[PDB]
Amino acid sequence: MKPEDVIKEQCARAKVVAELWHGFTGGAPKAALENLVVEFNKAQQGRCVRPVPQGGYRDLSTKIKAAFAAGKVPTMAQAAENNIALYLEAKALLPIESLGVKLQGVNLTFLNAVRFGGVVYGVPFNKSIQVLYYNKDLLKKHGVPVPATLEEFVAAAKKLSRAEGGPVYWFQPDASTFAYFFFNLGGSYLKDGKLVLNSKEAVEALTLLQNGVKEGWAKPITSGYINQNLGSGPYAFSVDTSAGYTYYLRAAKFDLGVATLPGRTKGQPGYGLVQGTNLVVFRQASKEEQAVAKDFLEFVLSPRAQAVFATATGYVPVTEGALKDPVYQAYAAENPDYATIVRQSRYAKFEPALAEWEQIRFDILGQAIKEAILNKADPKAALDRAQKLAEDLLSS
């Protein structure tokens, strides 16, 4: 059987089943979740977790909203911090520590992001960080060091693009790629508690990408993931989630490198955007289903489950104990990229945890970024539009 077929047979024989709704469509992230659940389900006397794929993360949020409307929610689901904020408006989530899950040793960065009015409502589960993916062969070919600064990165992309006759820094015109440039030019989304999308650092970040396209060193990827477009033209670099690691490794027909992000100066790496999700437990669940969730979340935070999940995927281990586990240690010793992903996870920024942030990042800010990059809209005009649409949505 496939792991999901094994899970189906475990759950059919179980006396209690806690549904976990997720947004892994496939690859290593889906297999790793399913392998974790198969192992959990073996340890239990007829108390199982049933993972239900709901599409991607946006389809998962839509399906969770319809579940509220329908009067029936799963026991558990994946949720970004902004989705926790939304589910909290409807009082829909159980505080994790009251459930009895032990959070000692969980990354403080990750714990802070799931803490709302001093109460933790999520267990950090699959937490990614952005890294610099690069073509080791093509940088060696032209004698280009891995860039350590934003200045070096831009200089490197121009040098390589000129030598190879095509733009070598590949990017998605989206909020996630925008965040990298915005944060590392000194930007912040909140000024005195107010969301600001059109600050000078935002204009500067979107201007840098637009100018990169015009000058021929930046290539907008508009169909598929960057790793699904490799092999069409010279590639030197992308800034992308750590959870893309297995997809890049399988796709690349070159020696793939991973580095820490280019920063303002060599004093420290640039900040990466933390993405991925937490698990949350719904108040609607039965006492028996809640007790399955408590055991499952304890298993998830066990050092071995962390070590296997993180090394299989490129997600960041969420516990200090994961790094002390021999399976983690053995993988890091044979693959210096796990340690690089972990080192980068120390230089980590978050987007706003606002209930409306899903809509804003994709439909408002993402659209301004696409207008400027794909339709040459003026960056300030595009972001001023985004800012007005965001203020109208927040006052609604």
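In this text, residue numbers run from 1 along the sequence as written.
For the pair 28-36 and 45-53, the mean B factor over Cα atoms is greater in 45-53.
Checked against the record, the higher mean CA B factor of 337-345 and 64-72 lies with 64-72. Residue set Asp240, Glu97, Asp325, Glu204: peak C-alpha B-factor at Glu97 (per PDB entry). Per the PDB record, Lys91 has a higher Cα B-factor than any other of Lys91, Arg304, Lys136, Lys127.
Among all modelled residues in its chain, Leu374 ranks in the middle third by Cα B-factor. Looking at the C-alpha B-factors along this chain, the one for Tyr331 belongs to the highest third. Sorting the modelled residues of the chain by their CA temperature factor places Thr246 in the lowest third.
Remark: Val168 belongs to the lowest third of its chain, ranked by C-alpha B-factor as recorded. Split the chain's modelled residues into thirds by C-alpha temperature factor. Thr109 is in the highest one.
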